[PDB]
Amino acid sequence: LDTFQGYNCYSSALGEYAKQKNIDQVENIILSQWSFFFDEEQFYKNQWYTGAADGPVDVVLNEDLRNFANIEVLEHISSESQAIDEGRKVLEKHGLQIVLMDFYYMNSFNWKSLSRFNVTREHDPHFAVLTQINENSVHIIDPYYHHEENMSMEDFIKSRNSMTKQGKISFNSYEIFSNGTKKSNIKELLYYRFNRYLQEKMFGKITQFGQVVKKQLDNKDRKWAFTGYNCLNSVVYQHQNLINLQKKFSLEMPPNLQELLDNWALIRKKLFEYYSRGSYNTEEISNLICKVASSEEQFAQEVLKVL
């Protein structure tokens, strides 16, 4: 499909809703995001431990949407008995419902395409955009993976009432709401993000990620490398969104933005290879991560200087 990518599952869902219904401000606020996190506790619990944002809900993006656009993303919780009639009302009023779903039931990505035939099924929260309720099925978009599908009513209800690795889903839905949308200018969105990235030392979390990778040389369980590969797609997507913003709005950027994107892509390639090819190159991967930390810090300072 030609869906809004955003930079993560949550932002893809909000942006796809905003794109379809030409809701102002949402897309530009998502596409200007500049963030990195690292959670060492999540690393050792096999949760999505790095990349743009903790999840599944990007609470930082919710704050940016409130503060810049006066846009609230309201969490709704429902029950098995009420959830579908709630959906019918939402589809009549708004045409789309953003729902939290256990990815275990979504087909979305084909790992056999990348020669990974033994991908373990995992109970992991994800987002879908519900477009249609039938008597025994629903139609959903996964905008993050540019995928749409018909799901059985049984599988849809199961997926929305699942205990996952990152919490209990109870028919959670997300409403984009405003009392009165506020306008922002593209340089204002970027200055705020790049200053916050430096003030909160987000480049430091890249270095922390690097330091933990160095310490996995004897870890027989390489799942962390696969999890890391998936988590860092959000960073590649932010780099691509900033290049796109630069072209669209004729912005002055530091000259090494595509180089940095290429650096993150190589880290992702090396983690995927480490996961599956049995190599002993934790030090090589750690070194690349610790280098990109330094380049990203200098990049953020250069954005503030030249923008």
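In case it trips you up, residue 1 is the first one in the sequence shown, and so on.
Higher average CA B factor: 38-46, of the stretches 38-46 and 60-68. Judged by mean Cα B factor in the deposited record, 161-169 ranks above the other of 161-169 and 183-191. When the C-alpha B-factors of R196, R116, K214, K205 are ranked from the entry, the top spot goes to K214.
When the modelled residues of the chain are ordered by their C-alpha B factor, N256 lands in the highest third. Per-chain ranking of the deposited C-alpha B factor places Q298 in the middle third. Ranked against the other modelled residues of its chain, the C-alpha B-factor of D54 as given in the entry falls in the middle third.
Per the deposited record, the Cα B-factor of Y105 falls in the highest third when ranked against the other modelled residues of its chain. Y280 sits in the highest third of its chain by CA B factor, as recorded in the PDB entry.
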